[PDB]
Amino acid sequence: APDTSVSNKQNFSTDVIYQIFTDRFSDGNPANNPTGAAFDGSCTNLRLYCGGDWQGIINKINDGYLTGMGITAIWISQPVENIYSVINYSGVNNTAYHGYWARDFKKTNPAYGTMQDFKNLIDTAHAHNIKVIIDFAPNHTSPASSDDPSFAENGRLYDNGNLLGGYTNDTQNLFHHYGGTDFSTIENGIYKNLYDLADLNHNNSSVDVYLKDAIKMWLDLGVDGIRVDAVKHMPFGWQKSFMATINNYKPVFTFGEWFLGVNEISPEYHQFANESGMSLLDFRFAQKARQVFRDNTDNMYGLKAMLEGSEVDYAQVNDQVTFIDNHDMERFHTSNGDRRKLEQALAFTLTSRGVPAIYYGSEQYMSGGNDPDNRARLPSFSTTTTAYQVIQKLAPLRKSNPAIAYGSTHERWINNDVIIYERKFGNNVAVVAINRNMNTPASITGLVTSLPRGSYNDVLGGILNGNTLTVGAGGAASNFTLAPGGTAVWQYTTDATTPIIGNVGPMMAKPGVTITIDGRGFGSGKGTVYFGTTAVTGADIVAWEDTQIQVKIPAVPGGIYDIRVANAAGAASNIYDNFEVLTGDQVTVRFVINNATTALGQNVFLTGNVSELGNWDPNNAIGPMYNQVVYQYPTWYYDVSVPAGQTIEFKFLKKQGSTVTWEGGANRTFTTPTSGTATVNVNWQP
């Protein structure tokens, strides 16, 4: 099937995501509305249920509101049954309208709909070529107090109606009981509770298996993507075994939320995007885009530096989900802010690298502060706003122009207020020019592009005051004045003769899994896929066509491989690196080491004989291990994804700067479980 197909659940760069708070979009079925204290039909108390549901989204796909805008994927609230309690927090009543307070991950939230309503939403979305992404929040169940078991539903977890347990009297340790986080360390934020939310214990085998069975059920119902809540707050080794469960079963595009503030660049955030098996909401993009287009706290050089820097720091930049606002920030459009600012920031996001997400109601110029005020019901379904038309004109280019979906980003002209950038993929080109200054025109002289000679018409049709671009010989444009607030997009597409890989999904899986390689120029006849120097041909290539190849991962040793395609004529593609072949299915094992005393800046790590443990390489060792909450120094601990059902060999080490101190003695051995978790508890061998 081609790369742009709705059946491509693995890669979303050709898509535009519309993020819906299900309760706040459309009430298509009033019979499923919560009653009494839990419901507010006027939606003026934004902490209560207003009535929006899966039938309302079906109705808006059907009548052309969503499809008219060019949307090709929707991201909805977590679908699972939530608690029914109305919680009073300091006067204000609060309900689970947002879908984040789960009680049963195997059932639906009936305010949103039934299992049949969910099936009908999947089938309507697919019939209209829209992919469906669901939130999934495996970190916690709901607000709970173990001291007061009558508060809310005491964080209770059920498995298809069957009670597994609550927070009070948790004799099975389904939950963490360490108090609440103060967010001081990443360790602190993982094992302590977020606010009053009952923290699930993923080291408990019943919790691990339950959540893995639950995600497979939603994959069996046809979902096409997953957005994981609070990835900063769950053990990264458990989330890698969770991603291996998805990828080795039915791989679908998965991304998480790790919040970053203005000007925060975090190593851990970039490591997580690069090594977890999921991508991230691109807060680095979003925060700089709001500084340049909204708050004017940075200029075009800051935007350029973010695009140039992120291209390097994210191993797969085409998988990162970009946005200009969402449920965790003030709405981009403000009361006293010019609407052209929103329109430009949307045109920039839709033409930039990554997978663009638009927060519902952006096209209706909704304004509002932070939660709950950024989640008002959307006030209108007018299809004639400039913002609606901006998305309607640009969002189809992700499907039709491979340069927009996959290309490189090249700054061609810049000054403090103007950027002109080019996206390029093979011979496909798009050029975007943005003047954020609203009172001064920009004189553009000396613009060179990769466009062939011609008079290119602005894809926006002059609605954001764009103009035609005349390109002569050598891609040189004739000079022009870009209007105050001007935004224009120019493009050229052709068929590629060289194979070029634009995206690969999934990025981590065991031998025998089919991955999806998307791009252009592969040709019609089956050629060769290289995983390192290993060639895969014939029957192992499950499908081959010019924009997409599906191929089985060869039985190569676990490790990181470069992927390369050669078409039937032997012409080879660019290399798409950082593919992780797993040793096999994964389980999370907690490694605990006692009596590992360290100096200042010296930390304990783990390594061993499988790729999952760094293959005995100190530079790739697992850690630094943790040593504050579940166990305290000099005992260190860490939850690590490792191959299931096999005897691994390992050793601990201390590292400080360039010095590695290994444990002495014989190498340690451990036979991992086939599913569930296990704990290894040992003592430092000098």
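So that there is no doubt, residue numbering starts at 1 and follows the sequence shown.
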519-527 versus 354-362 - greater average Cα B-factor per the deposited record: 519-527
Stretch exceeding the other in mean C-alpha B-factor - 661-669, 19-27: 661-669
Residue selected from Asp319, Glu81, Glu268, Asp199 by maximal Cα B factor: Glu268
Given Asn435, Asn263, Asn465, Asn248, the residue at which the Cα B factor reaches its maximum: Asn263
Entry-reported Cα temperature factor of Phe183, expressed as the chain third it lands in: highest
Chain third (lowest, middle, highest) by recorded CA B-factor, residue given as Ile61: middle
Where the record places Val92 (Cα B-factor, split into thirds across the chain): highest
Cα B factor band for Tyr492 (lowest, middle or highest third within the chain): middle
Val542, C-alpha B-factor rank within chain (lowest, middle or highest third): highest
